[PDB]
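Below sits a lone chain in structure tokens, taken as the form deposited in one PDB entry.
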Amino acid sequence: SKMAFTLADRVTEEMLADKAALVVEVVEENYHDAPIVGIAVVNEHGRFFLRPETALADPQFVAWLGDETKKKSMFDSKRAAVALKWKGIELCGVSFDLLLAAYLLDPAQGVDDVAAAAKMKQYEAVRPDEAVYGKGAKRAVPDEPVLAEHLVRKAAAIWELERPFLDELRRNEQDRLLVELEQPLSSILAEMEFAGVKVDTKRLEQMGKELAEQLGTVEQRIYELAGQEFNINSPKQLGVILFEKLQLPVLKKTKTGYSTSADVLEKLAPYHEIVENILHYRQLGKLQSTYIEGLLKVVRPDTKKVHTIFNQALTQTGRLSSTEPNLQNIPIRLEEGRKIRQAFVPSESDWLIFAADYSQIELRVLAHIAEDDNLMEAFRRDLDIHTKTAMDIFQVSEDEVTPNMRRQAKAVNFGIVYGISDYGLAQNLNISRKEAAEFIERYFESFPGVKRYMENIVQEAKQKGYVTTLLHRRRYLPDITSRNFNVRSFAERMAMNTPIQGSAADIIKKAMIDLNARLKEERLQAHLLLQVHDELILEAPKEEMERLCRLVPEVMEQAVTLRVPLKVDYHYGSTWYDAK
């Protein structure tokens, strides 16, 4: 089968062409401070494999790596770039990233190596990474001959696949989306990950001790209320205790057995004192195992920072996801969990954390996209959207809106930006579905523009096969035509929701790029640390706070121009917690 290449033992001029497919291979899943196991270059002059100890010590090669006028095509350039940052080497001039290109063409493909991306264009002369490296325990770097040929075949595939991928992006009007949004974002994310977020480990350990005391006693409480010891963390054992030893009523099931989810438990609370205690235990136990212990496990003892990996090509909506640690689900809603954010601190003395977030970006996008007159006016008035929605669907004045009316209108708003559900709304408010349905319908006569939009987008998904965001991100919806009701329903919701959630994703991505540019133009030391779907988190010298208070919201509000304002709130403080 054998692909021919040069197994180079030193860098030559012809390897430094100003157009090349480049592979800088990091086999470790978590690429932070990870080995680079080999390098492949394919250009007009040939195909090359270089050992990294040689390549990365060659001044000419390193200068080439960092020369922006030397264009590279790659796959997961962020992976390579971060790995090089940790070695003090800058990667530049990446003009095409095959992973991001695949992602934009079809985020449902699940492309996670060069092979998977190559298959989209009938190119199969490259092996899947799994086949070469193995899976799980037996994952391993193979001897040099196998390694080098694998990396050269990936480089060769990248070299061949650029043009067909760019052609399709162009036909999709997604060329600018790749070149001007996702790829520049990828460098910014690479900076963010490398910078990391400093963690006060002493505070976490302290909070851990406080948890363990409480846990230890709630645990003991549960045992005497059950008159038995058992694993409270096993939903099956818990199910036996609750529903068999303590003959509690079964109000919901899982397919494996009894449901012990928190929504059920709340309903069981009037029956036995053990239910509130299990609930506490769950709350405290979640914080202990995931946010205390989980977090301390991934803080790097060298930097005392956590270095997340943002997955830029994973979600079907265009959102990022965040791993090891996941910094997009740090507690905020309940106070004792919110206290976790006290452990996230600036990375230097007399710096502060700065957080800015969009207020209701999704509903604002819906207003713009549906051109709903009522919804648009509400935001031009900067109304409380939940109170307005309560006024409208209950046909009452502002003074007549009760907290509970507001809470239900809130829930409809939540559900509306996730494509109603009829039944799902019912679950959230525990009402009946007929009840839930006529809230939904009362919504649609308050907002005929949104109704019209929901109907229009569903027909469009049917006729085209996909739906589109503001900046031309795509999601294919094959199930929109399915004869199975449930399946067809999910697809319909996605058709409604994806232009909403996806356009919000577009906007905050552009904002990140606009921000990064402005900060550098202003020569500020401030830099991005994290993004949480609708929220940007920075750190900077305390001396830069007042400028940032104007700069960051301006950038975020002006990222796109919609038929309604975008509104951004901001706070800063000594810790992430205090930035509220």
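Quick note: we count residues from 1 along the sequence shown, nothing fancier. Here the rigid core means the biggest group of C-alpha atoms that line up within 1.5 Å when the two forms are laid on top of each other.
- Compared against other deposited entries of this protein, residue 79 counts as consistently modelled, with coordinates in all of those that resolve the residues around it and thus below the third mark.
- At least a third of the other compared entries skip residue 255 while keeping the residues on either side.
- Averaged over their C-alpha atoms, the temperature factors of 214-222 and 182-190 are higher for 214-222.
- If you average the C-alpha B-factors over 49-57 and over 525-533, the higher value belongs to 49-57.
- Which of 91, 177, 450, 440 has the largest Cα B-factor in the deposited entry comes down to 440.
- Within the group 386, 474, 305, 255, the record's highest C-alpha temperature factor is found at 255.
- Ranked within its chain, residue 435 lands in the highest third, by CA B factor from the PDB record.
- In this PDB entry, residue 68 carries a Cα temperature factor that places it within the highest third of its chain's modelled residues.
- Residue 381: CA B factor in the middle third of modelled residues in this chain (values from the PDB entry).
- In the PDB entry, residue 10 places in the highest third of its chain by CA B-factor.
- Among the modelled residues of its chain, residue 265 has a C-alpha B-factor that falls in the highest third, as given in the PDB entry.
FYI, the form deposited in another entry isn't displayed, but the following is about it.
- 256 is the only residue from 459, 484, 326, 256 whose Cα shifts by 2 Å or more between the shown form and the other one, the rigid core being superposed.
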